[PDB]
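*Asks:* To start, I am sharing the structure in question, which I have written as structure tokens.
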Amino acid sequence: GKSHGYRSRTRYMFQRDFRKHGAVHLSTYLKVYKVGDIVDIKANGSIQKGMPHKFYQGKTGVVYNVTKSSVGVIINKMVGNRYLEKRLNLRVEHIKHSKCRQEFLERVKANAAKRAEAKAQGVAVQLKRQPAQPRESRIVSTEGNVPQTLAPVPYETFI
Amino acid sequence: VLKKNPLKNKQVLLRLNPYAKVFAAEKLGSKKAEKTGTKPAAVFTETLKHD
Amino acid sequence: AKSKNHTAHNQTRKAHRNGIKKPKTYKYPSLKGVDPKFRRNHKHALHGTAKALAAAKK
Amino acid sequence: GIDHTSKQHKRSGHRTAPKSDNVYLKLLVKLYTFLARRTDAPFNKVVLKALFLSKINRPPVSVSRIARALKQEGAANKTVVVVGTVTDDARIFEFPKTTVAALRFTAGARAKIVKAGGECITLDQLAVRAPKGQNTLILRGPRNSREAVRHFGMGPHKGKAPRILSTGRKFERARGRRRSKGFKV
Amino acid sequence: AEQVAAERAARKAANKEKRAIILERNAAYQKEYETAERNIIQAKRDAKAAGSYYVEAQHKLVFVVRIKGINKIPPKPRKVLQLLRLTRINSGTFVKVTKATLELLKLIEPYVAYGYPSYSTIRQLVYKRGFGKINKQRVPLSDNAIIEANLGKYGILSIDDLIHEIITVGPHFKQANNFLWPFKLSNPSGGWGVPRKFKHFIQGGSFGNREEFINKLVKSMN
Amino acid sequence: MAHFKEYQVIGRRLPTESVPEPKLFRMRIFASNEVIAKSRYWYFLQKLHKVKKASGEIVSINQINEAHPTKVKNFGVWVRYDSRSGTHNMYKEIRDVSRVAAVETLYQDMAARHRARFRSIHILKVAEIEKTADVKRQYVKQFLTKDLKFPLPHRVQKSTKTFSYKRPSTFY
RNA sequence: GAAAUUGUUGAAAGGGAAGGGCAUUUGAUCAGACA
RNA sequence: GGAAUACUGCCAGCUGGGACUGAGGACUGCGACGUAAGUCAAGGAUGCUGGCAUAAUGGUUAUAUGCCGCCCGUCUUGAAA
RNA sequence: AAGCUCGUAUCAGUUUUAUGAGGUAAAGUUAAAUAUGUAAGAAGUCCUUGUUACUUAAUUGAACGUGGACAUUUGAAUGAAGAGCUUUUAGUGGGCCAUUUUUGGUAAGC
RNA sequence: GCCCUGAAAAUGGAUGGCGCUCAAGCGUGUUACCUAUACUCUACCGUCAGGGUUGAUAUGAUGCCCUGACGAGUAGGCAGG
């Protein structure tokens, strides 16, 4: 018959990353998670206690709860036509930070600098990010570089 | 009550664009171009006539 | 007299009619699940800081 | 054909005008459709749409709640407005002077307000006294204190008090309401 | 009462200034366009006389037209077309070209035909087919008060200023391009060319990027 | 594909700090307009170097006019076309007035005899034969004999009108 | 004293059904209007 | 050493013929043209002429002609069946 | 269907930038394309000095606060017949086809 | 590449029919033209949304007007007659 288990069909999913087997390195446990941090869930197949279901692999959530060995995680899960807000209990082997907030705070501070700097510079800030523009004009110099005429090439077997 | 197109019906074209009068009176649609002497250098022409 | 048992066809299309509504998440979320030991102290932290101004505010 | 991001010919879901056939009601709806249009102050625009409210959406504002809003700082000189019916609360043994303007007063709240040297008003006289709404307080009565709203959204673990005829033992306290018989909820 | 008489030639004087300022301000936009089209000509000439080449600045604006009917569209493009405001066959608006908007067009290419409009077509469309969006209500322009009461906060106090903000792709292009109701065009006057529209313009159909060949297709549709 | 023109296209590999000033490749493309020309250029640089439309540029697009548009010429043409069951090489000699007018005549011959679409045909080389007797094909050598004279076989009368009272005659 | 249904007279129609829609010609009828 | 045509594109270039529509109903506005008074093609049609006062136009109904038109209700994924 | 509180506004069958997860195709452990999670600010940032019975070797942390400061290029594109909220009830719960993939089957209007 | 052969099924017989051979066949190219209830402009009906208008001395405040956008539909629901 059919089988739907708790860890069912996770064969390749919890595997241990070839030549990364063995004991977990110890900066995993030196990392301090706080309420309001955003973290990414990648399971660690060697640590069974505190291990999230195969739905939460790769999902990203916020820390509402900090406890002895574990942290709280709020996920938004699609069921039916709506999103439910899930709370999860996971040990810090299965968590790590997501760098989008580190990079976001780096740009927040730079934006603070530029503005307050530009506050004595008479505005004209241009503090947004703008997409890659169409490339402006230019003049190539053929001097030293001569256009090399190319043409299609005949067919051959070469077997 | 009814939309009078410019580009025909000159009177509506002149409430919009008060510059439509001094445009035509001076032409500027047929305005002539200054004459230039420059020729393509012998490298450009060598490329264009090439095999 | 067998039937047609399972299909997912039309289900994603019915899903977007009213279309995947959001958490409607709030300031001050619920403290369900928060550490009871932290939560006990947090009672008295707020309990004290309210009266903190009751000495100043009068 | 056109590709619509919305549903066509779709009404706004509001009261454009009361459902009541009351005649004197429509004279205020007539008076505040005029002021809402030409008086540029939002007070008139608030009182208008409050004349269209149904009964369930018009809970009564007791004469006690009126006394809180006066204890509210700076408001002791304001003229409280209630679109709805004012009712009596004797659980308060003192009442201020002030003024009240409402559609309907109960005979008890008329005495109590008149008893203190205050005054009962209608809405029409308020429009004449303060067309813009100068120095007024609108007050709404509690909507979710109804007996039916207590039942809204019944379902597991929501604590919504099932709709039921008879309250007591032996009526739906047993299987599913306690751990000992079956489960709980 | 003073009223009629004393507030007429007082008001009628301000009317004189709006179009006396539109007078000088349009003169400057005509000398601006022509010397830009001239310098692009002189630059290709000064380069070929140096033995070198001159690459044009890329086109910062396109005009998209919806070539396909309203049904049997996959969900992902059907969402894009609705974000460009292409709600029917033959309609279209100006689209600013950045890396953001340019990977949208790659989704909808089977469903649209777009290119690079000249100042010619930008001027015909706006005069002939140009409408405003005022409290919704899709108003015809026909006057300078319709533009000044809406966009006047930005400048853009005439219909000559729209066409300028549109073709220069100035800072306010988003406000101005959303102040224009999507252009409702007609079918092409002389036909589409080709037997079949829904091949790509490079294989002999009507869709895709036809570049400066869009100027000719739109005029038959205007 | 159309009534053709002949273009040259030039472009280089968007400059990076590692390899600035790339090598400005050039080709001669037979296509109706510039749009189909450029898009047919990147088709033949993806078979040659590391380029594509996003990773590359078009520096110049110019139209090549025939230099002596009025002089009859002899063109041999080498063609790479993809048949149904494979691909092949061919040499066809075209006697025509100009370069681009010879091309237009080659597709029509490839289409008619070999059923090969414009998409199935790569034009390897088109070059003028200077001296006669270098013309290898017999149907072109047909027209090169001294002071040649032939009739118009079976004069073909286009009928303009519905009825005619004569009977016609095919004399010429 | 209705309808199915029928007899008589009058009118029109008819090449393996009949009946319908759009359009106008032809035949019979109809006001309104003007003045 | 000169040109001219071709091709492409533009003009707030000029002029002619055809078809369709005439909504609204005191003035208001924006313009244009005039020193001025005023006029104008500028927030939707007016002027002039003629005929019949008729069943002419129009309606109504039978016929004829051109093209089209399967039998209704129901169950059904699917009925002219 | 009945509405309700509101109205510049949080959103979105979409892209972009940033950043995770994957182990199918090809390759012969590696690893696409398309789809997929999160973030792009005011529920923000920096400072200043309050609370607690939790935490610390500790005036040290955590969580929440007082006072002060930075407003619309306020933190990417485009769009938005407005955003949210609730009550109440009908029908339905035999589906079928085409495309791009695919198992059983020799194949099939299976 | 085209054609022929391989190539045999039962009432009479179907590139849709006639018929077509420097085609009215096949491969390809440039143009002209035909016409859907779709597109553009106009009038009118209704639906929705946004606004204008309560002063005697008339006849409608479920009224009058302004402006825009929109119109398929079974089971089903609602509003108005």
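Chains as they are written, first to last, in full-length UniProt numbering: chain R, 2 to 160; chain X, 312 to 362; chain A, 2 to 59; chain V, 2 to 186; chain E, 23 to 244; chain P, 1 to 172. Backbone N, C-alpha and C fix where the C-beta goes; we use that ideal spot for every residue, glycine too.
1) In angstroms with no decimal places, state the Cα-to-Cα distance between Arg41 (chain A) and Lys33 (chain A).
2) For the region 39 to 125 of chain V, list the alpha helix (DSSP H) runs that are entirely contained and at least 4 residues long, ordered along the chain.
3) Which value, in whole angstroms, describes the spacing of the CA atoms of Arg47 (chain E) and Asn209 (chain E)?
4) From the DSSP output, read off the bridge partner residues of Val63 (chain R).
5) With DSSP as the reference, identify every bridge partner of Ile94 (chain P), one or two as the case may be.
6) Checking contacts by CB at 8 Å: is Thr356 (chain X) closer than that to chain P?
7) Considering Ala117 (chain R), what are the terminal residues of the alpha helix (DSSP H) in which it resides?
8) Check for me: the beta strand (DSSP E) holding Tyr84 (chain R) runs from which residue to which?
9) Mind checking if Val103 (chain P) is an interface residue toward chain R, Cβ cutoff 8 Å exclusive?
10) Closer than 9 Å by beta-carbon distance: list the chain P residues that pair up with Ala152 (chain R), in chain order.
11) Do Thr115 (chain E) and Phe205 (chain E) have their CB atoms nearer than 8 Å?
12) Against chain X, with Cβ distances strictly below 8 Å, would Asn62 (chain P) count as a contact?
13) Using a Cβ-Cβ distance under 8 Å, would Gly73 (chain R) count as near chain A?
14) Which chain E residues sit within Cβ distance under 8 Å of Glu6 (chain P)?
15) How many angstroms separate the CA atom of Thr120 (chain E) from the CA atom of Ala119 (chain R)?
16) Would you mind working out which of X:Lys360, X:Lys343 and X:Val333 sits nearest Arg60 (chain E), comparing C-alpha positions?
17) Taking all protein chains shown into account, decide if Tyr30 (chain R) is buried (16 or more other Cβ within 10 angstroms of its Cβ) or exposed.
18) Assuming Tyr133 (chain E) contacts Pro99 (chain E) (C-beta within less than 8 Å), just tell me the rounded distance between them.
19) Would you mind telling me which residues of chain X sit closer than 9 Å to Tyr149 (chain E), beta carbon to beta carbon, in chain order?
20) Whose Cβ in chain A lies nearer than 8 Å to the Cβ of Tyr65 (chain R)?
21) Where do the ends of the alpha helix (DSSP H) carrying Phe25 (chain P) lie?
22) Could you pull the start and end residues of the beta strand (DSSP E) that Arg88 (chain E) belongs to?
23) For the region 213 to 231 of chain E against the region 22 to 30 of chain P, are there 3 or more C-beta pairs whose distance is under 8 Å?
24) Does the region 224 to 233 of chain E come close enough to the region 86 to 100 of chain P that 3 or more CB-CB pairs lie under 8 Å?
25) Can the beta-carbon of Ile48 (chain R) be found less than 8 Å from the beta-carbon of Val63 (chain R)?
26) Residues of chain E with a CB under 7 Å from the CB of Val141 (chain R): which are they?
27) Got a sec? Which residues, its chain only, sit under 8 Å from residue 182 (chain P) by beta carbon, not counting five neighbours each side?
28) Quick one: is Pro132 (chain R) buried, meaning 16 or more other Cβ sit within 10 Å of its Cβ, or exposed?
29) List the residues of chain A whose Cβ lies closer than 8 Å to the Cβ of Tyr84 (chain R), in chain order.
30) Which residues mark the beginning and the end of the beta strand (DSSP E) in which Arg232 (chain E) is found?
31) What residues are listed by DSSP as bridge partners for residue 248 (chain E)?
32) Alpha carbons only, please: which of E:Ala167, E:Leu105 and E:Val87 is nearest the one belonging to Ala36 (chain E)?
33) To which residues does DSSP link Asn62 (chain P) through a beta bridge?
34) Would you kindly work out how many angstroms separate the C-alpha atoms of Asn66 (chain R) and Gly2 (chain V), rounded to a whole number?
35) For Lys118 (chain E), write down the residues that DSSP places opposite it in a beta bridge.
36) Under the three-state reduction of DSSP, which class applies to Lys21 (chain R): helix, strand or coil?
*Replies:* So, from the data block:
1) 13 Å
2) 43 to 51, 66 to 72 and 108 to 116
3) In this structure, the straight-line span from the alpha carbon of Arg47 (chain E) to that of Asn209 (chain E) is close to 35 Å.
4) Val63 (chain R) is bridged to R:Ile39 and R:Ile75.
5) P:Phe75
6) no
7) That run of the alpha helix (DSSP H) goes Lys100 to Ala119.
8) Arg83 to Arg92
9) For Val103 (chain P), the answer is no, since every Cβ of chain R falls outside 8 Å of its Cβ.
10) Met27, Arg28, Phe44, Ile123, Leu124 and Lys125
11) yes
12) True, the Cβ-Cβ gap to chain X drops below 8 Å.
13) Yes - at least one Cβ of chain A is within 8 Å of the one on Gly73 (chain R).
14) The premise fails here: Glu6 (chain P) is roughly 17 Å from chain E at the closest Cβ pair, so nothing lies under 8 Å.
15) 27 Å
16) X:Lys343
17) With fewer than 16 Cβ atoms within 10 Å of its Cβ, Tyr30 (chain R) is classed as exposed.
18) 6 Å
19) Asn316, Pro317, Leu318, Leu324, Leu327 and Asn328
20) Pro30, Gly34 and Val35
21) Counting along the chain, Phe25 (chain P) falls outside any alpha helix (DSSP H), though it belongs to the beta strand (DSSP E) covering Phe25 to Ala31.
22) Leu83 to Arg88
23) no
24) no
25) no
26) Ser74, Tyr75 and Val77
27) Any answer about residue 182 (chain P) is impossible in this case: the structure gives chain P only from 1 up to 172.
28) exposed
29) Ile21, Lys22, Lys23 and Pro24
30) It spans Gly230 to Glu233 - the beta strand (DSSP E) in which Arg232 (chain E) sits, taken as one unbroken run.
31) Shown here, chain E extends from 23 to 244; a query on residue 248 (chain E) therefore has no answer.
32) E:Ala167
33) P:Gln8
34) 53 Å
35) E:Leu83
36) coil
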